[PDB]
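Notes to accompany the following structure.
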């Protein structure tokens, strides 16, 4: 545990409010402890699956 | 004579418990009417 789970409870896939899935997956990738350069490398990726 | 239910992303496979949580309260009026 690092941050509160309540944000995870706020944006659930069953509530039908998740109108921007890529932002939810980025908000979930933010919890990663990987270095900012690794985040920039993920930003270098253009394809969504990649 | 009830309107077709709002599934709103809640599959219910046969013989399988499932939960539904619509945000509107009008169906709650129907739930109180059926008691």
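No Cβ is skipped: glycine too gets one built from the backbone with ideal geometry, and neighbour counts run over all protein chains shown. Read the figures in this text as sums done on the coordinates, not as results from a lab.
Residues in the stretch A:12-42 that are at negative phi and within 14 Å of another protein chain (Cβ to nearest Cβ) were compared, and the one that is surrounded by the fewest Cβ atoms within 10 Å (Cβ to Cβ) is A:19. Among residues of the stretch B:11-27 that are loosely packed, with under 10 Cβ neighbours inside 10 Å, those with a beta-carbon under 6 Å from a residue that is part of a loop (DSSP other than H, G, I, E, B) at least six positions away or on a different chain give the pairs B:18/B:12. Within 25 Å of residue B:24 (Cβ to Cβ), away from chain B (no Cβ under 14 Å) and out of contact with any strand residue (DSSP E or B) (no Cβ under 7 Å at 6 or more places or on another chain), is that true of residue A:7? Against the criterion (within 25 Å of residue B:24 (Cβ to Cβ), away from chain B (no Cβ under 14 Å) and out of contact with any strand residue (DSSP E or B) (no Cβ under 7 Å at 6 or more places or on another chain)), residue A:7 qualifies. Among the residues of this structure, residue A:16 counts as one that is within 24 Å of residue B:20 (Cβ to Cβ) and free of Cβ contacts under 8 Å to residues at least 24 places away in the same chain.
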